[PDB]
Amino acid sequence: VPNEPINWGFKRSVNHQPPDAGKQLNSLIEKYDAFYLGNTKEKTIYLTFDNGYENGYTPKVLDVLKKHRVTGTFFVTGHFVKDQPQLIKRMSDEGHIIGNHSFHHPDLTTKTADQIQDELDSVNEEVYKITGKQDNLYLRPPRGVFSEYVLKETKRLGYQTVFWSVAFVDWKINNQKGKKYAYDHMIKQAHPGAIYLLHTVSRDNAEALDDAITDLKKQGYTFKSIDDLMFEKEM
């Protein structure tokens, strides 16, 4: 299979309609069971987070999710796990899902099968040492970079690759825009079956999320987890 680097990207959602990555990308991901949307036939949103390091707001994000009784899926890197053991424990104890964002967050298309296996297993290994548990195998390619080779290999390793349908610039520490910026994006880009990709390092992201969930729920949206997505898609 080809190993041509591919960066996950797509035209943003418009008019609250699910976005589409195109026929070529849709065919590729489906050939390997990867997905970027959940059930678009109901007003449901699946929250996911990418965690590479901590900037002091994840505890508040966890409090907000608990308050709204929403289950998040956090894709963590080796560094995050090693640096924030207590947070990993909270995610596990509070019913959240811990996804794999690789240990060193490298470009997987440049790693051999053996290297890929180690990059992923090492994260689970450390997570288990902390939680004594292990979630279903979910992966989010570092920097959204992948290829058919990466999808084929990770799937062979039992990993389900999870992309996204909503994301914005909430990861730039040198330019933290505030609550309104993030909130407005989560409301405007909302759509049935949306899988949100959020970060927890920018100023007021927890407060923006709190407001977004509150208002999205009022609109008639229900928040489900990646595990729920997988389960319901099976039945």
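Numbers follow the displayed sequence, beginning with 1.
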Quick note on 49-57 and 33-41: per-entry mean CA temperature factor is higher in 33-41
Out of 192-200 and 169-177, which stretch has the higher average CA B-factor listed in the record?
-> 169-177
Using the temperature factors in the entry, find which of 124, 92, 161, 109 has the highest value at its Cα atom.
-> 109
Name the third of the chain's ranked CA B-factors that contains residue 71, choosing lowest, middle or highest.
-> middle
Split the chain's modelled residues into thirds by Cα B-factor; residue 99 lands in the lowest
Lowest, middle or highest third - CA B-factor, residue 138 = lowest
Residue 226 by Cα B-factor - lowest, middle or highest third of the modelled chain | lowest
What third of its chain, lowest, middle or highest, does the C-alpha temperature factor of residue 187 fall into?
-> middle
